[PDB]
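**Q**
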Amino acid sequence: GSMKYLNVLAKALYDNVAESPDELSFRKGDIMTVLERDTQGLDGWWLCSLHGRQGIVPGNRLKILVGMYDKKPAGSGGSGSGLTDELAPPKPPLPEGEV
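See below:
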């Protein structure tokens, strides 16, 4: 397939609840494939693919995992237990419908 997209991996720093039909819902720590950023002219919204579903994601809750640099893992377990409040930043706004 023609690579019309960035196809990079990004990690969720916070979870997300999809409120729009275009949006992806995921958990903190999940990995999604970023296809483009500022998609549809929606500044701050990043088009990604997760579980075979495509959709926009608030970029300020995502971290591009730039694979230009080697990094060894910490190995410090993986329970992901939120034992304290980890309040997420607000998502950017959206327009009055698809143009």
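Oh and the sequence shown: position 67 is 67 in the entry's author numbering, straight run, nothing missing. For every residue, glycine included, the Cβ atom is placed at its ideal position computed from N, Cα and C.
Quick check: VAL66 and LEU24, are their CB atoms within less than 7 Å of each other?
**A** Taking 7 Å as the Cβ cut-off, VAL66 and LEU24 do not qualify as a contacting pair.
**Q** Let's see if you can read the secondary structure: which residues bound the beta strand (DSSP E) around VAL57?
**A** 53-58 is the span of the beta strand (DSSP E), which, as asked, contains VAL57.
**Q** Does the separation of the CB atoms of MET32 and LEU50 fall below 7 Å?
**A** Against a cut-off of 7 Å, the Cβ pair of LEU50 and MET32 comes out as a contact.
**Q** What is the DSSP secondary structure of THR39, counted as helix, strand or coil?
**A** Three-state result, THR39: helix.
**Q** Can you tell me the Cβ-Cβ gap for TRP46 and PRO92, rounded? I've got them flagged as a contact below 8 Å.
**A** Not a contact, Cβ separation roughly 10 Å.
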